[PDB]
file work.cif (mmCIF, C-alpha atoms)
data_upload
#
loop_
_atom_site.label_atom_id
_atom_site.label_comp_id
_atom_site.auth_asym_id
_atom_site.auth_seq_id
_atom_site.Cartn_x
_atom_site.Cartn_y
_atom_site.Cartn_z
CA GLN A 120 219.91 120.55 257.87
CA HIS A 121 217.21 119.75 255.32
CA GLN A 122 216.42 122.21 252.53
CA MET A 123 213.99 124.51 254.26
CA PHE A 124 215.14 126.72 251.40
CA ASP A 125 217.01 125.49 248.35
CA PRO A 126 220.81 125.77 248.83
CA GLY A 127 220.77 128.25 245.96
CA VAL A 128 218.14 130.21 247.89
CA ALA A 129 219.50 129.86 251.44
CA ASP A 130 222.70 131.47 250.11
CA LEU A 131 220.96 134.86 250.31
CA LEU A 132 217.97 134.39 252.62
CA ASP A 133 218.87 134.76 256.29
CA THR A 134 218.78 131.46 258.20
CA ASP A 135 219.52 132.94 261.64
CA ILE A 136 216.09 132.39 263.18
CA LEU A 137 216.29 128.72 262.17
CA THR A 138 219.72 128.39 263.81
CA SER A 139 218.38 129.97 267.02
CA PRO A 140 214.78 130.93 267.97
CA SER A 141 216.06 133.87 270.05
CA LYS A 142 216.21 136.18 267.03
CA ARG A 143 212.55 135.39 266.29
CA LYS A 144 211.35 135.14 269.90
CA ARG A 145 212.86 138.60 270.43
CA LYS A 146 209.90 140.07 268.55
CA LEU A 147 207.28 137.77 270.10
CA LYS A 148 208.28 138.80 273.64
CA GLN B 490 189.12 130.00 229.06
CA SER B 491 192.42 131.81 229.61
CA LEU B 492 190.79 133.81 232.41
CA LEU B 493 189.39 130.79 234.26
CA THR B 494 192.78 129.05 234.26
CA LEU B 495 194.70 131.96 235.79
CA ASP B 496 196.11 130.87 239.14
CA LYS B 497 194.56 133.64 241.23
CA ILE B 498 191.04 132.60 240.18
CA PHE B 499 191.81 128.84 240.35
CA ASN B 500 194.75 128.06 242.64
CA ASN B 501 195.52 124.41 243.33
CA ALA B 502 195.85 125.46 246.99
CA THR B 503 193.01 128.01 247.16
CA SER B 504 190.82 126.14 244.68
CA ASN B 505 187.40 127.74 244.63
CA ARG B 506 185.10 125.30 242.88
CA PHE B 507 183.22 127.90 240.81
CA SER B 508 186.22 128.25 238.51
CA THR B 509 186.36 124.47 238.05
CA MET B 510 182.70 123.88 237.18
CA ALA B 511 182.73 126.95 234.94
CA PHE B 512 185.72 125.67 232.98
CA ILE B 513 184.66 122.03 232.66
CA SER B 514 181.37 123.40 231.36
CA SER B 515 183.27 125.47 228.79
CA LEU B 516 185.50 122.46 228.13
CA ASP B 517 182.30 120.43 227.80
CA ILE B 518 181.10 122.68 224.96
CA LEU B 519 184.15 121.64 222.94
CA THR B 520 183.23 117.99 223.50
CA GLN B 521 179.84 118.61 221.89
CA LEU B 522 181.60 120.74 219.28
CA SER B 523 183.97 117.87 218.50
CA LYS B 524 181.08 115.40 218.25
CA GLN B 525 179.27 117.83 215.91
CA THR B 526 182.38 118.09 213.67
CA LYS B 527 180.13 117.50 210.62
CA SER B 528 180.59 121.26 210.49
CA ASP B 529 184.27 121.84 209.78
CA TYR B 530 186.57 123.97 211.91
CA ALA B 531 190.01 125.56 211.85
CA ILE B 532 192.60 123.42 213.63
CA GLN B 533 193.49 126.46 215.72
CA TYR B 534 190.98 126.72 218.60
CA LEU B 535 190.14 123.00 218.38
CA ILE B 536 192.94 121.82 220.64
CA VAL B 537 192.61 123.82 223.86
CA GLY B 538 196.41 124.12 223.84
CA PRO B 539 199.35 123.24 226.09
CA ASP B 540 199.17 126.26 228.39
CA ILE B 541 195.67 125.11 229.41
CA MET B 542 196.36 121.37 229.67
CA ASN B 543 199.58 121.49 231.65
CA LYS B 544 197.61 123.82 233.94
CA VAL B 545 194.72 121.40 234.53
CA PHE B 546 197.15 118.49 234.87
CA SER B 547 199.06 120.48 237.50
CA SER B 548 195.77 120.68 239.41
CA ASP B 549 194.24 117.51 240.84
CA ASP B 550 190.47 117.93 241.11
CA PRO B 551 189.30 114.48 239.92
CA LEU B 552 186.21 115.84 238.14
CA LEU B 553 188.50 118.30 236.37
CA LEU B 554 190.78 115.38 235.54
CA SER B 555 187.67 113.48 234.42
CA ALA B 556 186.78 116.43 232.18
CA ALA B 557 190.32 116.62 230.77
CA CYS B 558 190.37 113.02 229.52
CA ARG B 559 186.69 113.32 228.56
CA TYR B 560 187.79 116.24 226.40
CA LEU B 561 190.71 114.29 224.97
CA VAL B 562 188.57 111.30 223.95
CA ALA B 563 186.45 113.87 222.13
CA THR B 564 189.71 115.33 220.83
CA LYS B 565 190.71 111.77 219.95
CA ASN B 566 187.60 111.45 217.76
CA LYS B 567 189.05 114.33 215.72
CA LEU B 568 192.68 113.20 216.03
CA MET B 569 192.84 110.62 213.23
CA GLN B 570 191.33 113.15 210.80
CA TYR B 571 194.64 115.08 210.89
CA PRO B 572 198.13 113.84 209.91
CA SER B 573 200.29 112.67 212.79
CA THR B 574 203.05 115.18 211.95
CA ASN B 575 200.98 118.24 212.74
CA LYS B 576 201.94 120.31 215.76
CA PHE B 577 198.36 120.32 217.04
CA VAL B 578 198.47 116.52 216.83
CA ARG B 579 201.98 116.50 218.31
CA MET B 580 201.08 118.48 221.44
CA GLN B 581 198.04 116.30 222.13
CA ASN B 582 200.23 113.21 221.70
CA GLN B 583 202.42 114.64 224.47
CA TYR B 584 199.43 115.00 226.82
CA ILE B 585 198.32 111.38 226.59
CA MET B 586 201.91 110.13 226.82
CA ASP B 587 202.64 112.23 229.91
CA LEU B 588 199.15 111.60 231.29
CA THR B 589 199.54 107.84 230.83
CA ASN B 590 203.02 107.95 232.38
CA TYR B 591 201.93 110.15 235.29
CA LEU B 592 198.93 107.96 236.10
CA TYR B 593 199.76 104.33 235.21
CA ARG B 594 203.08 103.69 233.46
CA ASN B 595 204.98 105.03 236.52
CA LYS B 596 208.21 105.58 234.49
CA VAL B 597 208.22 109.33 235.01
CA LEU B 598 211.82 109.90 236.12
CA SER B 599 213.07 108.59 232.77
CA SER B 600 210.83 111.10 230.97
CA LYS B 601 212.30 114.31 229.59
CA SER B 602 209.83 116.26 231.75
CA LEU B 603 206.61 115.88 233.74
CA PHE B 604 204.11 118.47 232.48
CA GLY B 605 207.04 120.53 231.22
CA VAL B 606 208.98 120.18 234.50
CA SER B 607 212.20 118.18 234.58
CA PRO B 608 212.31 115.15 236.92
CA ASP B 609 215.45 116.46 238.65
CA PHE B 610 213.09 118.59 240.73
CA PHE B 611 211.03 115.65 241.84
CA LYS B 612 213.92 113.91 243.57
CA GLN B 613 215.05 117.29 244.92
CA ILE B 614 211.51 118.35 245.88
CA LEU B 615 211.16 115.18 247.95
CA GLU B 616 214.10 116.49 249.99
CA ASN B 617 212.76 118.24 253.09
CA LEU B 618 209.62 116.18 252.37
CA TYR B 619 209.24 113.55 255.06
CA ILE B 620 207.66 110.26 253.98
CA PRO B 621 207.07 107.28 256.36
CA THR B 622 208.38 104.70 253.86
CA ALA B 623 211.19 106.67 252.26
CA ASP B 624 212.32 103.35 250.76
CA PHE B 625 209.91 104.32 247.96
CA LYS B 626 210.05 108.11 247.84
CA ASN B 627 209.41 108.46 244.13
CA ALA B 628 207.01 105.79 242.87
CA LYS B 629 204.19 107.01 245.14
CA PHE B 630 203.55 110.17 243.11
CA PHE B 631 203.59 108.42 239.70
CA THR B 632 200.34 106.51 240.31
CA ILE B 633 196.67 107.38 240.76
CA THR B 634 196.88 105.53 244.09
CA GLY B 635 199.26 108.26 245.31
CA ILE B 636 198.18 111.21 243.17
CA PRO B 637 196.58 113.18 245.99
CA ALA B 638 192.88 113.58 245.20
CA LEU B 639 192.92 110.36 243.16
CA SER B 640 194.82 108.65 245.98
CA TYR B 641 191.91 108.99 248.41
CA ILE B 642 189.62 107.94 245.55
CA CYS B 643 191.71 104.78 245.19
CA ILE B 644 191.12 104.08 248.89
CA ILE B 645 187.38 104.27 248.21
CA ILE B 646 187.78 102.15 245.08
CA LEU B 647 189.64 99.37 246.89
CA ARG B 648 187.15 99.35 249.78
CA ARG B 649 184.31 98.53 247.38
CA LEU B 650 186.51 96.05 245.50
CA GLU B 651 187.32 94.30 248.78
CA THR B 652 183.64 94.39 249.78
CA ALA B 653 182.41 93.07 246.43
CA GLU B 654 185.13 90.41 246.55
CA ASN B 655 184.23 89.66 250.21
CA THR B 656 187.91 89.55 251.16
CA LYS B 657 188.61 88.42 254.71
CA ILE B 658 192.07 89.97 254.39
CA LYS B 659 192.10 93.77 254.13
CA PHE B 660 194.52 96.35 252.77
CA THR B 661 196.17 97.41 256.03
CA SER B 662 197.21 100.87 254.83
CA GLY B 663 194.88 103.68 253.87
CA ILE B 664 196.66 105.10 250.83
CA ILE B 665 197.55 102.46 248.23
CA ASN B 666 201.02 102.02 246.76
CA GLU B 667 203.70 99.42 246.06
CA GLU B 668 205.02 99.12 249.62
CA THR B 669 201.63 99.30 251.35
CA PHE B 670 200.59 96.62 248.86
CA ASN B 671 203.54 94.28 249.38
CA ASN B 672 203.98 94.71 253.14
CA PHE B 673 200.79 92.97 254.28
CA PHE B 674 201.02 90.17 251.69
CA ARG B 675 204.47 89.01 252.77
CA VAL B 676 203.00 88.29 256.21
CA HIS B 677 199.93 86.67 254.56
CA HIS B 678 201.81 85.30 251.54
CA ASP B 679 201.62 81.60 252.44
CA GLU B 680 197.80 81.87 252.45
CA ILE B 681 197.30 84.68 249.92
CA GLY B 682 198.08 81.96 247.38
CA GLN B 683 194.93 80.04 248.32
CA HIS B 684 192.33 82.72 249.14
CA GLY B 685 191.67 85.63 251.48
CA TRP B 686 192.25 88.69 249.30
CA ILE B 687 191.38 89.81 245.75
CA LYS B 688 192.14 86.96 243.34
CA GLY B 689 192.37 89.24 240.30
CA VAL B 690 195.66 90.66 241.59
CA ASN B 691 199.14 89.24 242.16
CA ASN B 692 201.26 92.41 241.84
CA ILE B 693 200.93 96.16 242.33
CA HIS B 694 200.23 96.77 238.64
CA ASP B 695 197.23 94.42 238.85
CA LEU B 696 195.84 96.30 241.87
CA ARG B 697 196.19 99.54 239.91
CA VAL B 698 194.50 97.73 237.02
CA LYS B 699 191.68 96.34 239.17
CA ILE B 700 191.28 99.81 240.66
CA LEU B 701 190.63 100.89 237.06
CA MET B 702 188.38 97.90 236.32
CA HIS B 703 185.76 99.33 238.66
CA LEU B 704 186.33 102.66 236.88
CA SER B 705 185.69 100.86 233.56
CA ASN B 706 181.88 100.94 234.06
CA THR B 707 179.04 103.44 234.15
CA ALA B 708 178.73 103.55 237.95
CA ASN B 709 181.57 105.97 238.66
CA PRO B 710 181.45 109.69 237.80
CA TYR B 711 185.22 109.39 237.30
CA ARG B 712 185.01 106.39 234.95
CA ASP B 713 186.39 108.37 232.00
CA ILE B 714 189.95 108.66 233.35
CA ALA B 715 190.35 104.89 233.12
CA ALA B 716 188.28 104.46 229.95
CA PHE B 717 190.12 107.16 227.98
CA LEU B 718 193.59 105.81 228.75
CA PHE B 719 192.69 102.18 228.07
CA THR B 720 192.91 103.09 224.38
CA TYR B 721 196.69 103.70 224.57
CA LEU B 722 198.03 101.23 227.15
CA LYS B 723 197.59 97.89 225.37
CA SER B 724 197.44 95.78 228.53
CA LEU B 725 194.82 98.08 230.06
CA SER B 726 192.76 97.79 226.87
CA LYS B 727 192.76 94.00 227.17
CA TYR B 728 191.68 94.12 230.83
CA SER B 729 188.82 96.49 229.96
#

call {"tool": "encode", "arguments": {"input": "work.cif", "output": "structure tokens"}}
result
Amino acid sequence: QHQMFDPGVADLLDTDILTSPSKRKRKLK
Amino acid sequence: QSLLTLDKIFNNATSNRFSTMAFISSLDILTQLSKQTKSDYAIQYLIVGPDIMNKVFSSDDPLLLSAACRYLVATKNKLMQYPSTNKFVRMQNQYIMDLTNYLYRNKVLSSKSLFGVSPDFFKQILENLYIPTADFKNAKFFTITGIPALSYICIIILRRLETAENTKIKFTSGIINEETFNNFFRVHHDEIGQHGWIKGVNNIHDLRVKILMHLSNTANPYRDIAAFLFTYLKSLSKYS
């Protein structure tokens, strides 16, 4: 996976929605 | 001038023009002030200072870049009047060195920093940054032909150069760089030697040079970026 966030930044910021769109699509519908 | 250069009034993304014309006007006043240096001045508040110049360099509006060098040639007219080992002379020596390297010399990665930013970013920033010809990820950004606003300018420059030259061969790519340059010659190489494309060029540096040669005359509003930096790059001075 490319650095959508820096590896020193992805350490804290949640990456779940990028691993699966379900967590994000849950809010959309 | 501190106010105009704050990001929220002049953001390189949300760049309202009014900030730019206001500043280059204020910057312009210093160019007249430098040319009227018959009246003496304190060395403080003659050089606009690094916090302003790394800011304008970080932006890319070509008129603003034209103003910056146009200010520095005016600053140059005052430069020799001070000893070299003055800080105010030392900071402005860093501008021209970095500005020359960023625009023409192309050896930026070997520099200690680009506008105060270490090159180790630049390789890392180009990660998650998709480029068609990743074979040359880095050298694109270290030239006016790839510097974004100036890149599209260089497309316009080469179109007139090709038209004035009446080339039957044409630069296949839009944006100009080393690999766009070399790709369409290797297929035309056996007849590029005779005629068909610009005869004042045989390598990418020459195309960058000839891009500046049009900029070396009164026609362009952006002529000053080439003219100012001829004075430092010896080869570019000779071509001028």

call {"tool": "residues_around", "arguments": {"input": "work.cif", "residues": "residue B:532", "least_positions_apart": "2", "cutoff": "10 Å", "atoms": "all atoms listed in the file", "output": "number ranges by chain"}}
result
B: 529-530, 534-536, 567, 571, 575, 577-578

call {"tool": "interface_residues", "arguments": {"input": "work.cif", "of": "chain B", "to": "chain A", "cutoff": "9 Å", "atoms": "only C-alpha atoms", "output": "PyMOL selection string"}}
result
chain B and resi 616-618

call {"tool": "atom_distance", "arguments": {"input": "work.cif", "atom1": "atom CA of residue B:512", "atom2": "atom CA of residue B:565"}}
result
19.7 Å

call {"tool": "residues_around", "arguments": {"input": "work.cif", "residues": "stretch 490-505 of chain B", "least_positions_apart": "5", "cutoff": "10 Å", "atoms": "all atoms listed in the file", "output": "VMD selection string"}}
result
chain B and resid 510 to 513 515 to 516 537 540 to 542 544 to 545 547 to 550

call {"tool": "atom_distance", "arguments": {"input": "work.cif", "atom1": "atom CA of residue B:554", "atom2": "atom CA of residue B:607"}}
result
21.6 Å

call {"tool": "atom_distance", "arguments": {"input": "work.cif", "atom1": "atom CA of residue B:592", "atom2": "atom CA of residue B:628"}}
result
10.8 Å

call {"tool": "resolve_selection", "arguments": {"input": "work.cif", "expression": "the PyMOL selection byres ((chain B and resi 648-656) around 9)", "output": "JSON, numbers by chain"}}
result
{"B": [643, 644, 645, 646, 647, 657, 658, 659, 660, 684, 685, 686, 687, 688, 699, 700, 703]}

call {"tool": "residues_around", "arguments": {"input": "work.cif", "residues": "residue B:635", "least_positions_apart": "2", "cutoff": "12 Å", "atoms": "all atoms listed in the file", "output": "ChimeraX atom specification"}}
result
/B:549,591-593,595,625-633,637-644,663-669,697

call {"tool": "residues_around", "arguments": {"input": "work.cif", "residues": "stretch 588-590 of chain B", "least_positions_apart": "6", "cutoff": "12 Å", "atoms": "only C-alpha atoms", "output": "ChimeraX atom specification"}}
result
/B:542-543,545-547,554,557-558,561,581-582,596-605,628,630-633,636,714-723,725
